[PDB]
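Protein chains in written order, with UniProt numbering: chain A, 159 to 289, 293 to 469, 530 to 845; chain B, 680 to 764.
Scroll down for the structure; my scribbles are underneath it.
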Amino acid sequence: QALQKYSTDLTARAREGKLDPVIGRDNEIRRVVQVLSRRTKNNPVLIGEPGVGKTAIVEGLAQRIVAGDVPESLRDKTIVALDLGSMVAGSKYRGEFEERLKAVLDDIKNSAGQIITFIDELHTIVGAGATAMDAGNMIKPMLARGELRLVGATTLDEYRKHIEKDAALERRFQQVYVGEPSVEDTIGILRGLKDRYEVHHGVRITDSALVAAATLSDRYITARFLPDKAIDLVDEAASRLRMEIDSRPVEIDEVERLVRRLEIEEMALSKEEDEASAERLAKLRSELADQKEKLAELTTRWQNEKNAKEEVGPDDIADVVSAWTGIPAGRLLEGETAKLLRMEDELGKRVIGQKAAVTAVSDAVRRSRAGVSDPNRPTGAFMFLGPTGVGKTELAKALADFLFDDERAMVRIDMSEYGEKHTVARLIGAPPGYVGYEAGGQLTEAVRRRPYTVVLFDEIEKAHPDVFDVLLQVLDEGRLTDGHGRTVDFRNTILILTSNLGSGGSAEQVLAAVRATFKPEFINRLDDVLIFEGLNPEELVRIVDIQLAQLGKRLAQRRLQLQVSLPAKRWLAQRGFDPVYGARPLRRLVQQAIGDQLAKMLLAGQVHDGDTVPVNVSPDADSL
Amino acid sequence: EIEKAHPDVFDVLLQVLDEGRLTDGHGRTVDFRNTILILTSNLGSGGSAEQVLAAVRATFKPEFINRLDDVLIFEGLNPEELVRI
Ligand SMILES: Nc1ncnc2c1ncn2[C@@H]1O[C@H](COP(=O)(O)OP(=O)(O)OP(O)(O)=S)[C@@H](O)[C@H]1O
Ligand SMILES: Nc1ncnc2c1ncn2[C@@H]1O[C@H](COP(=O)(O)OP(=O)(O)OP(O)(O)=S)[C@@H](O)[C@H]1O
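Pasting the structure below:
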């Protein structure tokens, strides 16, 4: 009767129909049974990485016993699930734990070998009751004679951290290696599990959902194992769909929540006795109106759809895989097809010229959302080089902004400090046993979180010619391994290597300097090797416009603006001389010609905030 | 890409070949007598057969070349065997 108090009954629940169906894994249950019915030392231990199904096998064995598919020796055996947590509950005295253990062992032995105990995560049995080794090995005499059977299951690396350190007890256990299944098997598993979820959430599930989940959960989420990271997607999709069968769907409930906040802000900002908050209000109202338009449009379209979405499909799974591990995995639902077709002209707002290199980046971004590029290879690996001041770093910063709306979201490393060979260790970590080890790598541990960024290697030509080799595997496929032995995936980042070889020689001399500075097997990894071009006087007026736009945007903090005459706008670009320093002289000239005079006149009255100022050319300089 | 490493990891591999054993910190001897050991490389880079066979000999030691089985040499791609790739 001690059992009734210190353990539950598994076979009883299997009869009462409370365990999930178990599909496949025939070899494993066969081996478990045949080990479980031998003469001496019959103690199978299911071992293997976490998630691949190790409790599911024991539940399958229980349902199999209830059914009758077992051999003769295992008829009516009444599996029992032990519990060592509720056994050490209150035993602060000297013998209170050994007493309970002896009672349970005696009642297991009194039965005619019927009971089949089952300790889940038996790596906790080692130090059961400590004080001096006495407890947890009182069963060691009964294991050998095979009186109690004890099918248990622990993870693969808590078996050599807790048990293998006890070689006298490992001897009494037989290991059953449970390897993870493939996609074709996971699909079959899901096809039989697609009823409990479909009934718990009042929805229906298409078979395409199962297929797409079992595929995407293997392609993207490279940190868990397969029978589980595929069930999670299905489960979350179903829960979301049931949440939307409530009153309103998403994308209407978000816009109404935004509108309410904008309203409650505009209602309480109106009574502000100020003049600078007048413009800080003049935009809030416009925003509220332009959002209420969208709300009304969505609400009307819902009415049409409802007078003229009830099962999960192969794209809601993509929405989940995008919301978790923010890699975009969708199918271009018309929100951004226009954007990806406008990409070139949109990156033109910040970068000017070098269409030969803008088109090359845009094409690599584009043919990956359409699902055409190599799924196991980086999303693109370019090294664009050319003379200075031309805009290579600028294009790399414009791309990250166009993609994530925050230029500080990309991962940037400056390869000008890696001049010494030994300085490699700061991006792959330090081996075990050395000073900085628990911190892990640095590039690795940044790409391991949010693996959608853009990676930038400035001035690649200045690092020692031995950091070039840590990038071979990184460019050819997405793998790089830190100290702890974990591996990160680069398969969906966009690498970029800005350089400066062959300052202004030719488009042929620079291709003869690259081939002498790099190795034949390293150039072979790259995509197109883009070459940038010097700037023309006609490409420079637009840069003047950009600089003035930025300066005005910065000045608008103090409520100013400038009226620049076209004579001055062309004078500035006329003084952007010397196509040997690119386009920085323009910046320093704008400073030395406008910023200093503006400061002068600004911190001495006469240009008080508010009113704008005009700028006009003079004989030589330009005055205000 | 084995020739890119430091010539001490070779000496670690020295007993993996020819015996299939190496023991870690915990003092557990691990056996390799059933694996298939494969080492790629890119030495020589164009030498016919003895600009490469003598560039292996000057980067590795005889006691390391001696454990190996045949040192396979790969060959460039003819125009015919690309219409199939
Ligand atoms: N062969 C299978 N048939 C049916 N369901 C399975 C199968 N393998 C795994 N599952 C399900 O996938 C999940 C796997 O969970 P478990 O296998 O119980 O966890 P585990 O594999 O024991 O890993 P730990 O170490 O116990 S956390 C559960 O939801 C199971 O129901
Ligand atoms: N085509 C361009 N379009 C817009 N701004 C440009 C362009 N070319 C240069 N600029 C400006 O020039 C600044 C400096 O150019 P960068 O590209 O940062 O220098 P670089 O191209 O990296 O050359 P090096 O070798 O790195 S010094 C940028 O911040 C821009 O403001």
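Idealized CB from N, CA, C, for every residue including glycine.
Under 8 Å from the C-beta of residue i: neighbouring residues of chain B
| i | result |
| --- | --- |
| A:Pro741 | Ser724 |
Interface partners of residue i on chain B, CB under 9 Å
| i | result |
| --- | --- |
| A:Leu693 | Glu680, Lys683 |
| A:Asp690 | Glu680, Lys683 |
Under 7 Å from the C-beta of residue i: neighbouring residues of chain A
| i | result |
| --- | --- |
| B:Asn721 | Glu742 |
Nearest to residue i (by Cα), restricted to the options the options
| i | options | result |
| --- | --- | --- |
| A:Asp841 | A:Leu807, A:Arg809, A:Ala789 | A:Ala789 |
| A:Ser720 | A:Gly607, A:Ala804, A:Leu677, A:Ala733 | A:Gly607 |
| B:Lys740 | B:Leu693, B:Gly704, B:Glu729 | B:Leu693 |
| A:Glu729 | A:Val750, A:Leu716, A:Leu756 | A:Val750 |
| A:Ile681 | A:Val246, A:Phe743, A:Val411, A:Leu756 | A:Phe743 |
| B:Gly726 | B:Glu760, B:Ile752, B:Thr702, B:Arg763 | B:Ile752 |
| A:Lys455 | A:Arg805, A:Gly601, A:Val224, A:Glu415 | A:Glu415 |
| A:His685 | A:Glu638, A:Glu659, A:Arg647, A:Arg700 | A:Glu638 |
| A:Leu823 | A:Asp799, A:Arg779, A:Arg805 | A:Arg779 |
| A:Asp703 | A:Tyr658, A:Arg670, A:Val735 | A:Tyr658 |
| A:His705 | A:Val668, A:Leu677, A:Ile649 | A:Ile649 |
| A:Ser195 | A:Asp265, A:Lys267, A:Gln335, A:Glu207 | A:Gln335 |
| A:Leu232 | A:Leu616, A:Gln272, A:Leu263, A:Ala261 | A:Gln272 |
| A:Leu807 | A:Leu769, A:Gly773, A:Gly826 | A:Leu769 |
| A:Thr289 | A:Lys250, A:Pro672, A:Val695 | A:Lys250 |
| A:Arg252 | A:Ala457, A:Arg552, A:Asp295 | A:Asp295 |
| A:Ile237 | A:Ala621, A:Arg306, A:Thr600, A:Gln162 | A:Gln162 |
| A:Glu359 | A:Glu397, A:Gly349, A:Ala225, A:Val344 | A:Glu397 |
| A:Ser400 | A:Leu177, A:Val193, A:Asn465, A:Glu531 | A:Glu531 |
| A:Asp379 | A:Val364, A:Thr367, A:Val542 | A:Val542 |
| A:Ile767 | A:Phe386, A:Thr347, A:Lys570 | A:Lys570 |
| A:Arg403 | A:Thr282, A:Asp537, A:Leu459, A:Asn465 | A:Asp537 |
Opening and closing residue of the beta strand (DSSP E) in which residue i lies
| i | result |
| --- | --- |
| A:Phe276 | 274 to 276 |
| A:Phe678 | 675 to 679 |
| residue 486 of chain A | Structure remark: chain A lacks residues between 469 and 530, so residue 486 of chain A is without coordinates. |
| B:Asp710 | 708 to 710 |
| A:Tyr338 | 335 to 338 |
| B:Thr702 | 700 to 702 |
| A:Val364 | No beta strand (DSSP E) contains A:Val364, which DSSP labels as neither H nor E. |
| A:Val238 | 237 to 239 |
| A:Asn837 | 834 to 838 |
| A:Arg746 | Where A:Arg746 is concerned, there is no enclosing beta strand (DSSP E), given that its DSSP letter is neither H nor E. |
| A:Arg633 | 632 to 635 |
| A:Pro202 | 202 to 205 |
Residue range of the unbroken alpha helix (DSSP H) whose run includes residue i
| i | result |
| --- | --- |
| A:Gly218 | 213 to 225 |
| A:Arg171 | 168 to 173 |
| A:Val372 | 368 to 380 |
| A:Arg779 | Per DSSP, A:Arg779 belongs to no alpha helix (DSSP H) and is neither H nor E. |
| A:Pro806 | 805 to 811 |
| A:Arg588 | 576 to 590 |
| A:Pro388 | 387 to 390 |
| A:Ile324 | Where A:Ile324 is concerned, there is no enclosing alpha helix (DSSP H), given that its DSSP letter is neither H nor E. |
Where residue i falls, given that 16 or more other Cβ within 10 Å makes a residue buried
| i | result |
| --- | --- |
| B:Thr714 | exposed |
| A:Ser583 | buried |
| A:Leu562 | exposed |
| A:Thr665 | buried |
| A:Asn201 | buried |
| A:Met604 | buried |
| B:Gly755 | exposed |
| A:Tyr164 | buried |
| A:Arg310 | buried |
| A:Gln221 | buried |
| B:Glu698 | exposed |
| A:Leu371 | buried |
| A:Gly313 | buried |
| B:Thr708 | exposed |
| A:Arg712 | buried |
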